[PDB]
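Peer 1: Experimental structure below, sequence on top.
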Amino acid sequence: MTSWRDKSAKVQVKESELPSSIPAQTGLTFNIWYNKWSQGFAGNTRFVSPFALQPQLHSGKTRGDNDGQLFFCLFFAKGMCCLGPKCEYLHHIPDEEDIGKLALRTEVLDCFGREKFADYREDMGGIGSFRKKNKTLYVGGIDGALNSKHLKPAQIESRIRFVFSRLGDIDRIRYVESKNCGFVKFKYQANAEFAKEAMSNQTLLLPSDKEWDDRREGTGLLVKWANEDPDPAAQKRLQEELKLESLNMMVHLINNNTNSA
Amino acid sequence: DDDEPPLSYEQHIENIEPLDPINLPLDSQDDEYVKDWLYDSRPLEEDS
Amino acid sequence: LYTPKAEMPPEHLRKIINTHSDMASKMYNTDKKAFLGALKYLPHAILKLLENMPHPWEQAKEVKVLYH
Amino acid sequence: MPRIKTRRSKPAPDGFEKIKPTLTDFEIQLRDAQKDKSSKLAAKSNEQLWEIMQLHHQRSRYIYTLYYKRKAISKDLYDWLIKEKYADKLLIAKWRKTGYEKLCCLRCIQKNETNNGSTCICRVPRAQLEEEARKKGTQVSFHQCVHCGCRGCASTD
Amino acid sequence: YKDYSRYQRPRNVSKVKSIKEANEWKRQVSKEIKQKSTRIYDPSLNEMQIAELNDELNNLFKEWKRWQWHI
Amino acid sequence: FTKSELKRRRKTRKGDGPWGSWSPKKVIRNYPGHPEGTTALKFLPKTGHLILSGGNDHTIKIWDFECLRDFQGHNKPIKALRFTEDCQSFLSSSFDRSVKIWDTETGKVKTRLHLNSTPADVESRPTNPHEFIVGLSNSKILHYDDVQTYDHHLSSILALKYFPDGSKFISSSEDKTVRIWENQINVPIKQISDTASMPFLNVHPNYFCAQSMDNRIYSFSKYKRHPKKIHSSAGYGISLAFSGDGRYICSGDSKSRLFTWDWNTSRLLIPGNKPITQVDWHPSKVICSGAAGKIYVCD
Amino acid sequence: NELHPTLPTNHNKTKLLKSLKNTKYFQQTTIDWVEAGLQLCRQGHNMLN
Ligand SMILES: [Zn+2]
Ligand SMILES: [Zn+2]
Ligand SMILES: [Zn+2]
Ligand SMILES: [Zn+2]
C-alpha cells in the first residue's frame, strides 16, 4: 500500500542500457538459428547478473494492475524490465491477495506464467514440476557469489537471511557449512518461484565490502529447486503437515457431499 | 563483390535520378499518333 | 461480405526487412521458422519477379507486391 | 505514376510549392523511422511499426483537409498527389463516408483478417468501452490496437 | 577462446600469468589426474605399465602442487 | 451521453487523435568558427558547461556545451590545453616554448614556466599534488611546481598523463616506447616497448591506460584493428574511442577489444584535410576537433 | 511442343497467390521493381543462411 500501491513502477533499465542479445563469444562463428557460438570448445557460460532487484525501490503500480493481470514480470525479478509502468505484468512481491488470485492457476504454471513440466530437470533447475508443490530452494554456488571471500560459516547465512526476507514470507532458512549451501523454504510456492528467478546469478556482496567494484568478475550463485529433506526430524514434519492438509481437505470435501446429498 | 551485402534501396538508390532510357529518336510527322504513348510503361492505361 | 485487401505504405514493408537484418533475439524464433517455410514458395516469387522485369524503354517500373 | 521522379512523371501543378515544405518534412520523418533501430523487445518493434502507420496517416489527413475541409489546393494538384503516391487513394475515400471519417487504417475495418469477423477494437467508441468497465468492475483493458496502436478512431471520440 | 586443450603444461609455473588464466591451466591438470586415477585400480594386470603410470601420477600431482603454489 | 458532453470528453485525450492518449554513435552538431585548424580540446571538469579549445590560429575559444570568450596571448600554435580540478586554473601550452597559466576568474596570464628547449606539446595536471607535467620535443618531462626533470626516452614526447598512485607519470614518444615513471626516484619504473610512434594515450576513469600506434591500439595495466594508420578517449561507459587520420572514427569496447562501429565524417563545403585531431568526453557526448576547421559533437 | 499438347485442368480453383492473399498474415503494397529485387535477394540469402 504505502510502499507499493502509492507510487507507480519505475523503469529499471533503459532500453539502450539493456544487454546485447548475442551471448559472450565462446566459439568461432555465431550460429544464427540457435543463437549461440558453434565451433571450438564451449568454456563456461555463466556470469554474474549485472542487474538486481531493489524491491522497496522498484515496486509500484504498472499497466497490469489496472488490467487485472495475474502474472508477475519476469524482468522485474531480474531487475531488467525496461517498460517500467508501461509493462503488462506485475512489479511487486507476491502477497496473500495476489496468490489468492493465482490459486486456480498455480497448479500447472508458475507465478511468471511459464508452464510447469512433468518431472524436474536433471540438475533440479529451471521452472519446476506440477507433480510436487515445492516451496524450498537450494541456494548453491556460494563461493563464486562471494568472490571467494571466506568470512565464516554463519555470516553467509546472515547474507541469505537479509536478501531472501525481502522476497516474501519465509518458512525457514537452513545453512549447511560442510555442504556450503543453503535451504530456504517459503510460505507460498509463488514467492519461491519469484525468489528463484530473482536470485539466480546474483551476488551476496553488500557494497560495504571491498570487492564491490569486482562484483561482476565472479561466477554467480545457483538457486535451484530443492530435493526432499532426508533427516527424519524433517520427514516427520512432512507427514504431520500432510496430515493436517488432509484433515483440512476432508472438512471441505464432506461439505461438497453435504451439498450433493 | 560477393563480400559486400546487397545495398539498401532507400539509402543508395531511391534518391538518385534514374538515367535516360533506350528511346528511339522518333519522327514527329510519320509517328504522330503513337509518339505520345508508345514508350509509356502501360500504354494508354487511362484512355477509356 | 469481403473487401479489397488493404493497401499498405512502402515504409511499412521496408521497416520489416530492415528489422530482420540481424535476427538474434528470442522474439524472432517464429519468424526464423517462417523463412524456412517460405523456401518452398521461393521459385514462385522468382517467376513473378522475372516476368515483371522492366523492358528497356522504361526507367523504373512500380509493381504491386504481396509480402509477409 | 511512380514515386521516383521519372521522365514519365508529369511535372508539378501550380499550388504545389506552397505545400511542398510540409510534405518534405513528412518525408524526412518517414526516412528516419525505417532506419533499423535495432531493438530486442517485440513490444518495441511493433511500436516502430506503429509510428510509421501514424506518420503516413498524418500526411494523408493533411492532404485530405487541404482539398476537402479547406479547398486550398486545386483538383489538378490533388489528382497529381494521388497519382504520385503522396496520399492514399482508399484511406481518403473511407474518410468521406460518414462513419469512417477518423479512420485508423484500411487494416482496421477489415472483418476478414480477424479471428471472428469483426473490426478491430480501436473502431469501438470509448464510452461503450467505459460501460463494460462499469459492468465488469474492472478498468478498461485496452490501450493500443495491435496493427497501428490507435486509441479510438471512433467518430464520437 | 584459445581453448587451453591444445597447448602444453607450460613448463615453468612462475612464468604463467594472471589468476583467471592459470585457473584453467590448473583444471587442465586435474582432468588427467582424474583420468589416470581411474587407470590405477584397473585389473588389466600390467604391473610394469602401472608402475611407470604411477610415476606419471606422482609427477602430475607434484605439478598440481606447483600450480596451487603459484596461486 | 449527449453530443455536447461527448464533445468535452473528446478533448480530454492528450493528442488530437487518433493516437491521442486516454490516460552506436551519430552526429548531433557541427560547430565552425576557428580560422585555422583545432589542435586540442579540454572540458570543464566540474560543471561541464564549457569547452576550452586550442587552435592553429594561436587563439583559445571557449565554446558553450555558442562562443563565450576568446583567449589570445600565444604567438604560435597551441598544441595542448588542460583544465584543473581543485583550482580555477587553466594550463595552456604551445609551440612557443612556454607553459602559460590562466586564472579563469579574471581571464589573464598569471605565470610563465621557463627552460624548455623547444616546442611544448603536452600538459597534464597532477591531481592531488598541485604539480604540472610538461613534455615536449625537448626529449624530457619537466615536473613543475605550480622541480623534477626525468631523463626521457630518446626522441620527442607526444603524450603524457598523471595518476595519484605510483607510476605517477605515463609517457609516450616517437621512439615507439611507453614508460611508467617513478618520479620520487626520478627514473623508469617500467618500460613498455610493444609498440612498433605512440601519438596518443588515454587513462581509463580500472586504473589502466589505452596506448595508440599507427595500426594497433593496445591497452596496458589488445584491440582488433586493421589498417587505420593512427587521439583516444575513454568514456565512463567502457567505450573506447579512436580518432583516425583517414577520417574514420573507430569506436571500441575496452573489455572485449571488439570494434562495434566505424564512421566516416563529411569533410566540409580537401579530402586530405579530413582527420580528427583531438577528442574528449564530458563528465554521453563526444566532442572532436578536426583539421577541417570545425568542432563536431557526437551523440 | 505442338505434337504433345498438355491441356489445363478446370478444377484448379485455388491459385497460389489468391489463396495466399486471403490469410491475415500477408499484406499488399506497391513498390519499385529494383526494390522488389533487392528485397528478394536479401530475403533469399536470409532463407538459405
Ligand atoms: Zn515488466
Ligand atoms: Zn489502425
Ligand atoms: Zn485498429
Ligand atoms: Zn484506430
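Peer 2: That came through, no problem. Numbering: from 1, shown residues only, chains lettered A, B, ... in the order given. Ligands and ions are numbered 1, 2, ... in the order given.
Peer 1: For chain B, which residues are neighbours of chain G?
Peer 2: By the criterion of Cβ under 8 Å from any Cβ of the partner chain, the positions of chain B lying close to chain G are B:5, B:6, B:7, B:8, B:9, B:13, B:14. For the C-beta atoms, the positions are set from N, CA and C on the backbone; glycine is no exception.
Peer 1: Looking at these, spot the one nearest ligand 1.
Peer 2: Sorting these by distance to ligand 1 puts residue B:8 at the head of the list, at 33.9 Å, by Cβ to the ion.
Peer 1: now, which of the residues of chain B next to chain G lie within strands?
Peer 2: Per DSSP state E, strands hold no members of the residues of chain B next to chain G.
Peer 1: Pick the one among the residues you listed closest to residue G:33.
Peer 2: When these are compared for distance to residue G:33, the smallest value, 10.5 Å, is given by residue B:9; criterion: Cβ to Cβ.
Peer 1: quick one: the closest one from ligand 2, how far?
Peer 2: Between residue B:9 and ligand 2 the computed distance is 26 Å (Cβ to the ion, to the nearest Å).
Peer 1: isn't that residue right up against residue G:33?
Peer 2: No: counting by Cβ atoms under 8 Å, residue B:9 does not reach residue G:33; the two are 10.5 Å apart.
Peer 1: Say whether ligand 1 is contacted by stretch A:86-100.
Peer 2: Yes: figure legend: stretch A:86-100 in contact with ligand 1 (Cβ under 5 Å from the ion); contacting residues residue A:87.
Peer 1: Provide a list of residues in contact with the closest residue to chain C within chain B.
Peer 2: Among the residues of chain B, residue B:18 lies nearest to chain C; the distance is 3.9 Å by Cβ to the nearest Cβ. Listed by Cβ atoms under 8 Å, 6 or more residues apart in numbering or on different chains, the contact set of residue B:18 reads C:59, C:60, D:4, D:6, D:7.
Peer 1: So which of the residues of chain B next to chain G belong to helices?
Peer 2: Taking DSSP state H as the definition of helices, those contribute residue B:9.
Peer 1: Which among the residues of chain B next to chain G count as buried?
Peer 2: B:8, B:9, B:13, B:14 (16 or more other Cβ atoms under 10 Å in any protein chain shown).
Peer 1: For the residue nearest to the last one when sequence neighbours are not counted, give me the backbone phi and psi.
Peer 2: Okay, so that is residue B:14. Here the nearest residue to residue B:14 in space, its sequence neighbours aside, is residue D:4; by Cβ to Cβ, 6 or more residues apart in numbering or on different chains that works out to 7.3 Å. With angles defined as degrees, to the nearest 10, residue D:4 sits at phi -60, psi 140.
Peer 1: burial count for residue D:4?
Peer 2: By other Cβ atoms under 10 Å in any protein chain shown, the residues close to residue D:4 number 20.
Peer 1: Now for it: which residues touch it?
Peer 2: With contact taken as Cβ under 8 Å, 6+ apart, residue D:4 is in contact with B:14, B:18, C:59, C:60, G:32.
Peer 1: List phi and psi for the residue in chain C positioned nearest to chain F.
Peer 2: Closest to chain F within chain C is residue C:22: 12.3 Å, counting by Cβ to the nearest Cβ. As for residue C:22, its main-chain torsions (degrees, to the nearest 10) stand at phi -120, psi 100.
Peer 1: And residue A:185, by the same measure?
Peer 2: The phi and psi torsions at residue A:185 (degrees, to the nearest 10) take the values phi -110, psi 130.
Peer 1: Setting aside sequence neighbours, what's the nearest residue to it?
Peer 2: residue A:171 (3.8 Å).
Peer 1: Just give me the residue closest to the centre of chain D.
Peer 2: Note on chain D: the residue nearest the mean C-alpha position is residue D:57, at 2.3 Å, using Cα atoms, centre = their mean.
Peer 1: Remind me which helix or strand it belongs to.
Peer 2: helix D:42-64 (DSSP states H and E).
Peer 1: same thing with residue A:256?
Peer 2: Assigned by DSSP H and E, residue A:256 belongs to helix A:232-260.
Peer 1: Residue F:191 now?
Peer 2: strand F:187-192.
Peer 1: Packing partners of that strand?
Peer 2: Packing contacts for strand F:187-192, counted by 3 or more Cβ pairs under 8 Å, 6 or more residues apart in numbering or on different chains; DSSP states H and E, involve strand F:178-182.
Peer 1: Show me the contact partners of the strand it packs on.
Peer 2: Where contact means Cβ under 8 Å, 6+ apart, the residues beyond strand F:178-182 that reach it are F:141, F:150, F:153, F:166-173, F:188-193, F:195, F:198, F:201, F:211, F:220.
Peer 1: In chain C, what residue comes closest to chain E?
Peer 2: Ranked by Cβ to the nearest Cβ, the top residue of chain C for proximity to chain E is residue C:24, at 19.3 Å.
Peer 1: Which residue comes closest to the spatially most central residue of chain E once chain neighbours are left out?
Peer 2: In chain E, the C-alpha nearest the mean C-alpha coordinate belongs to residue E:29, at 3.0 Å (Cα atoms, centre = their mean). Leaving aside its chain neighbours, residue E:29 sits nearest to residue E:64 (5.1 Å; criterion: Cβ to Cβ, 6+ apart).
Peer 1: how far away is that neighbour from residue A:218?
Peer 2: Between residue E:64 and residue A:218 the distance, using Cβ to Cβ, to the nearest Å, works out to 24 Å.
Peer 1: higher neighbour count, these two?
Peer 2: Set side by side, residue E:64 and residue A:218 show more neighbours around residue A:218, with 21 against 15, by other Cβ under 10 Å.
Peer 1: Contacts only, for that one.
Peer 2: With contact taken as Cβ under 8 Å, 6+ apart, residue A:218 is in contact with A:48, A:144, A:145, A:146, A:147, A:148, A:203.
Peer 1: now those residues as a markdown table including distance to residue B:38 and neighbour count?
Peer 2: Shown next, in a markdown table, are the contacts of residue A:218 (distance: Cβ to Cβ, whole Å; neighbours: other Cβ atoms under 10 Å in any protein chain shown):
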| residue | distance to residue B:38 | neighbour count |
| --- | --- | --- |
| A:48 | 73 | 21 |
| A:144 | 79 | 17 |
| A:145 | 80 | 25 |
| A:146 | 84 | 20 |
| A:147 | 81 | 20 |
| A:148 | 84 | 10 |
| A:203 | 77 | 26 |
